[PDB]
Amino acid sequence: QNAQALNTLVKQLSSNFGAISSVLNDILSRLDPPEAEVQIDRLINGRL
Amino acid sequence: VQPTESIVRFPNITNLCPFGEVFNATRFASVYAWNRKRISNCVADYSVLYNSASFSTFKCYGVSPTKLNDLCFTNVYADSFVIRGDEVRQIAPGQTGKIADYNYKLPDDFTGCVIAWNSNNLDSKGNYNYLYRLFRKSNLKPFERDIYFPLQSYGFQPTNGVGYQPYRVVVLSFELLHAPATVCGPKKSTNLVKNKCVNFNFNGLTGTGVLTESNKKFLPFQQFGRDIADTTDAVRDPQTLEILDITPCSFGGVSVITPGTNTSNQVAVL
Amino acid sequence: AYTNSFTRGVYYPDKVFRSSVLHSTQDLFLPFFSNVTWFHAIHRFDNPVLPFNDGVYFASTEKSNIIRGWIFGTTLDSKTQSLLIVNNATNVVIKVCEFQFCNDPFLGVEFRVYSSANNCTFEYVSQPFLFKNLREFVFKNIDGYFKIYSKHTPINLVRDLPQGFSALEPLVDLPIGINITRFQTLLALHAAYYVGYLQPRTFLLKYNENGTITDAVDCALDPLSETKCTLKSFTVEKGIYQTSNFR
Amino acid sequence: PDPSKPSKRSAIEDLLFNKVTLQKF
Ligand SMILES: *[C@@H]1O[C@H](CO)[C@@H](O[C@@H]2O[C@H](CO)[C@@H](O[C@@H]3O[C@H](CO)[C@@H](O)[C@H](O)[C@@H]3O)[C@H](O)[C@H]2NC(C)=O)[C@H](O)[C@H]1NC(C)=O
Ligand SMILES: *[C@@H]1O[C@H](CO)[C@@H](O)[C@H](O)[C@H]1NC(C)=O
Ligand SMILES: *[C@@H]1O[C@H](CO)[C@@H](O)[C@H](O)[C@H]1NC(C)=O
Ligand SMILES: *[C@@H]1O[C@H](CO)[C@@H](O)[C@H](O)[C@H]1NC(C)=O
Ligand SMILES: *[C@@H]1O[C@H](CO)[C@@H](O)[C@H](O)[C@H]1NC(C)=O
């Protein structure tokens with residue numbers, strides 16, 4: 001049970017949650033601040 | 001543990017890209033019959049494209065300008081065409097218009113730089129050689145050539161305003177595929193650094209960690225490996241077919257051992 | 001008209017390496033235990049322009065090299081560009097142009113396959129690849145490019161495909177931009193082949209410690225396969241498990 | 001406990017310890 005919980009927590013890190021991509025660096029290096037803020041907000045909400 | 005250096009590793013390519021072959025092209029294929037020029041096995045400074053003469057629109061949709069240097073792509077597609085001044089805005093992801101829905105539509109997730117500049121001194125007459133579609137019942141698929149009469153000729157005239165003025169537009173379509181990259185740009189491939197927390201940037205594979213010798217039995221077409229958690233663990237160098245392990249820079253928690261402050265103020269750190 | 005597919009027609013989904021891992025992915029494969037259309041182009045001759053649909057499987061064993069290439073296209077005429085591949089003992093010819101074919105295209109052992117070459121866009125030349133060695137080729141149209149796989153291995157049963165597993169390796173990735181709707185095998189005239197079809201299916205890919213795909217599981221084959229896919233394992237213990245939902 | 005092993009366990013303790021099953025950045 002402990003191992004499965006940890007595995008689920010690790011695997012959840014690769015979800016888009018509606019954003020363009022699940023990689024922070026790509027969003028940082030592909031978008032302007034005004035939209036990147038929204039994308040990062042969405043991603044951090046999901047991870048939280 | 002903070003990064004200590006900055007490593008750079010790009011394949012054994014030094015020849016300049018034929019960027020001027022399509023950027024300085026005498027004739028540009030019509031927007032409805034646009035050509036797709038594939039550039040590979042070359043290195044070129046994208047700053048010269050950023051700051052070329054008479055350039056008015058150099059925007060990277062899905063890329064950051066001046067960041068293309070540290071990013072190498074397997075193939076770069078150069079789409080050369082001429083449209084109106086008001087039609088340059090339509091060459092972008094998520095944009096709608098005559099060109100964006102009749103002749104040349106970029107994908108909504110476009111990863112590339114759209115380059116345009118005024119060409120009223122070259123493509124003005126009405127210049128009845130450039131043509132754009134004006135009618136269609138639906139929207140074009142991304143990167144598709146579609147060939148009242150829908151195909152209406154351009155009324156490109158020197159007396160026409162900047163909106164109607166002819167503009168040469170070049171689209172650089174970057175494909176970041178798992179195959180080794182060749183369109184690398186101005187990057188001096190640094191020495192392979194071992195046992196140091198360094199930023200990888202292996203042909204633009206952004207990351208950081210410790211690089212050591214690797215013993216994996218890679219297949220010839222495979223460029224990088226992965227772990228059970230879908231985490232990159234090994235990368236093959238583009239120049240020499242050697243794979244290197246990746247270990248993230250060490251970290252942890254810090255705790256302080258202290259007695260009562262009423263006794264003394266000597267502390268120990270773990 | 002031998003009718004079987006067994007467990008052949010699985011390629012490496014991507015160039016990503018991985019070792020000692022049980023990975024599941026969604027991609028267009030040939031469904032397991034299906035049946036394929038056994039063919040004999042020349043018995044009497046027939047070279048129908050079979051539809052491309054989503055994907056096409058192909059295999060054959062021969063030594064006389066009667067099979068020399070394929071003819072891909074959308075309208076299969078000179079109105080629009082069509083794809084041509086020719087396998088000769090010297091090199092390989094790729095010509096994707098607006099080609100005007102005749103009534104019976106063939107490689108004269110001359111060029112009677114087409115009447116004129118015009119509006120040529122893509123050309124490529126490399127080492128040649130083409131009565132026991134199977135030569136399987138998976139033809140795919142993904143993201144505006146053309147993809148072909150390859151594998152060579154000897155089999156002593158030519159009329160029927162055998163059992164066993166042999167993963168296919170990637171060969172080419174041609175960014176042609178051609179739309180493909182129908183295709184037809186091209187033969188040289190001075191002849192048995194197969195044609196399957198690819199469908200969106202979920203597969204369980206087992207990767208060896210050397211990075212080789214040694215086993216596969218067709219998830220939607222049967223309830224036991226669904227159970228294996230749910231548990232992400234190749235062995236199922238005694239018990240009762242919930243797999244899916246019914247509506 | 002048997003005073004002839006690196007760990008001063010018992011036979012039952014050793015069996016129990018053996019009968020159990022066997023990133024981070
Ligand atoms: C999968 O990987 C394992 C490694 O963990 C491979 O086992 C070892 O493979 C190497 C090379 O394939 C073998 O070396 C060869 O051994 C023969 C024995 O006569 C020798 O004549 C050759 O000159 C060469 O040194 C090695 O023996 C082998 N180890 C064992 C214990 O068998 C395994 O072969 C890999 N599997 C596949 C299908 O590649
Ligand atoms: C090449 O480009 C330069 C500056 O962009 C320009 O001055 C020159 O006329 C061009 N040559 C051509 C278009 O042949
Ligand atoms: C098997 O062959 C029959 C014709 O005898 C056909 O109707 C059926 O669709 C085939 N099954 C598969 C899975 O292709
Ligand atoms: C032989 O192969 C070459 C490939 O380089 C091809 O151009 C040619 O048409 C083939 N046939 C003959 C008779 O040369
Ligand atoms: C290819 O032909 C199909 C016809 O079904 C058409 O829908 C599609 O837009 C065409 N694509 C290109 C790139 O010509």
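A count restricted to the range B:112-147 and to residues that are closer than 15 Å to B:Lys98 by Cα and either more than 14 Å from chain C (Cβ to nearest Cβ) or within 16 Å of ligand 4 (Cβ to nearest atom) (or both) stands at 10. Considering the range C:54-87, the residues that are touching a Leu at 6+ places or on another chain (Cβ under 8 Å) and part of a loop (DSSP other than H, G, I, E, B) include one that is farthest from ligand 2 (Cβ to nearest atom), namely C:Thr61. The set of residues from the range B:31-57 being more than 11 Å from ligand 2 (Cβ to nearest atom) and more than 14 Å from chain C (Cβ to nearest Cβ) comprises B:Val31, B:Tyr32, B:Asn41, B:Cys42, B:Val43, B:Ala44, B:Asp45, B:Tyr46, B:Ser47, B:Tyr50, B:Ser56, B:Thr57.
Results for (1) within 30 Å of B:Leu205 (Cβ to Cβ); (2) not hydrophobic (A, V, I, L, M, F, W, C), shown as yes or no for each residue.
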site	(1), (2)
B:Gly85	no, yes
B:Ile99	no, no
B:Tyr104	no, yes
B:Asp108	yes, yes
B:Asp123	no, yes
B:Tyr132	no, yes
B:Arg136	no, yes
B:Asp146	no, yes
B:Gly161	no, yes
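Among the residues of the range C:190-247, those identified as polar (S, T, N, Q) and either touching a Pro at 6+ places or on another chain (Cβ under 6 Å) or part of a strand (DSSP E or B) (or both) are C:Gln199, C:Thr202, C:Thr214. Within this structure, C:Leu157 fails the test of being assigned to a loop (DSSP other than H, G, I, E, B) and either within 16 Å of ligand 3 (Cβ to nearest atom) or among the aromatic types (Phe, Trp, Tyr) (or both). Within the range B:249-260, restricting attention to residues that are of a type in the set (A, V, I, L, M, F, W, C) and in a loop (DSSP other than H, G, I, E, B), the residue that is farthest from the other protein chains (Cβ to nearest Cβ) is B:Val254.
Conditions (1) away from ligand 1 (no atom under 16 Å from the Cβ); (2) more than 13 Å from C:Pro200 (Cα to Cα), marked per residue:
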position	(1), (2)
C:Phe17	no, yes
C:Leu28	yes, no
C:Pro31	yes, no
C:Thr37	yes, yes
C:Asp46	yes, yes
C:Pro51	yes, yes
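Looking only at residues in the range C:88-115 that are away from every other protein chain (no Cβ under 14 Å), closer than 24 Å to B:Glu144 by Cβ and in a loop (DSSP other than H, G, I, E, B), the one that is nearest to ligand 2 (Cβ to nearest atom) is C:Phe99. Number of residues in the range A:1-22 that are loosely packed, with under 14 Cβ neighbours inside 10 Å, aliphatic (A, V, I, L, M) and either at the interface with chain B (Cβ under 9 Å from one of its Cβ atoms) or in contact with a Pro (Cβ under 6 Å, 6 or more places away or on another chain) (or both): the value is 1. Report whether or not B:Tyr61 is away from ligand 2 (no atom under 16 Å from the Cβ), within 14 Å of chain A (Cβ to nearest Cβ) and over 19 Å from B:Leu205 (Cα atoms). So B:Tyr61 fits the description; yes.
Condition check ((1) within 16 Å of B:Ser6 (Cβ to Cβ); (2) within 14 Å of chain D (Cβ to nearest Cβ); (3) under 26 Å from the mean Cα position of the chain (by Cα)) across all residues:
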| site | (1), (2), (3) |
| --- | --- |
| B:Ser189 | yes, no, yes |
| B:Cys197 | yes, yes, no |
| B:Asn201 | yes, no, yes |
| B:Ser214 | no, no, no |
| B:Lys217 | no, no, no |
| B:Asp227 | no, yes, no |
| B:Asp237 | no, no, yes |
| B:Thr247 | no, yes, no |
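Apart from one condition, C:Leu134 fits all of (1) touching an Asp or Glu at 6+ places or on another chain (Cβ under 9 Å); (2) more than 16 Å from ligand 4 (Cβ to nearest atom); (3) closer than 16 Å to C:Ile67 by Cα; the exception is (1).
Just checking, which of B:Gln239, B:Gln266 is in a loop (DSSP other than H, G, I, E, B) and under 26 Å from C:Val172 (Cα atoms)?
It is B:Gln239.
On the basis of being within 16 Å of ligand 5 (Cβ to nearest atom), within 14 Å of chain B (Cβ to nearest Cβ) and more than 20 Å from C:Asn35 (Cβ to Cβ), does C:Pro175 make the cut?
On the way: within 16 Å of ligand 5 (Cβ to nearest atom): yes; within 14 Å of chain B (Cβ to nearest Cβ): yes; more than 20 Å from C:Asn35 (Cβ to Cβ): yes.
The answer is yes for C:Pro175.
Filtered by the rule that a residue be more than 16 Å from ligand 5 (Cβ to nearest atom) and small (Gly, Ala, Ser), the range B:104-145 gives B:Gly112, B:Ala116, B:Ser119, B:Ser124, B:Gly126. Only one entry in C:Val36, C:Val21, C:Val10 is closer than 30 Å to C:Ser225 by Cα and within 14 Å of chain B (Cβ to nearest Cβ), namely C:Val21.
Out of all the residues in the range C:23-36, which are more than 22 Å from C:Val172 (Cα to Cα), more than 16 Å from ligand 3 (Cβ to nearest atom) and surrounded by 15 or more Cβ atoms within 10 Å (Cβ to Cβ)?
Passing the criteria: only C:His23.
If you go through the range B:78-85 one residue at a time, do you hit one that is under 20 Å from B:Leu49 (Cβ atoms) and within 14 Å of chain C (Cβ to nearest Cβ)? Yes, because at least one residue in the range B:78-85 is under 20 Å from B:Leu49 (Cβ atoms) and within 14 Å of chain C (Cβ to nearest Cβ).
Note on the range B:114-157: among residues that are hydroxyl-bearing (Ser, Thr, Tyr) and outside any loop (DSSP other than H, G, I, E, B), the one that is nearest to ligand 1 (Cβ to nearest atom) is B:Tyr132.
Restricting attention to the range B:66-75, the residues that are touching a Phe, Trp or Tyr at 6+ places or on another chain (Cβ under 6 Å) and within 11 Å of another protein chain (Cβ to nearest Cβ) total 1.
Report, by residue number, each residue of the range B:158-204 that is part of a strand (DSSP E or B) and aliphatic (A, V, I, L, M). The answer is B:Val169, B:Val170, B:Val171, B:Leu172, B:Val183, B:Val198. In this entry, A:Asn25 is excluded by the filter for residues that are farther than 26 Å from B:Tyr61 by Cβ, part of a helix (DSSP H, G or I), within 11 Å of chain B (Cβ to nearest Cβ) and of a type outside the set (D, E, K, R). For the residues C:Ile155, C:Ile142, the requirement of being within 14 Å of chain B (Cβ to nearest Cβ), away from ligand 4 (no atom under 16 Å from the Cβ) and among the aliphatic types (A, V, I, L, M) singles out C:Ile142.
Taking the stated definitions as given, is C:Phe58 touching a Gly at 6+ places or on another chain (Cβ under 7 Å) and surrounded by 13 or more Cβ atoms within 10 Å (Cβ to Cβ)? The answer is no for C:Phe58.
C:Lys140 falls short on exactly one of the conditions (1) of a type outside the set (A, V, I, L, M, F, W, C); (2) surrounded by fewer than 17 Cβ atoms within 10 Å (Cβ to Cβ); (3) in a strand (DSSP E or B), and that condition is (2).
Bear in mind that the values in this text are calculations on the coordinates, not laboratory data. Virtual Cβ from ideal backbone geometry, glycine too; neighbours counted across all protein chains shown.
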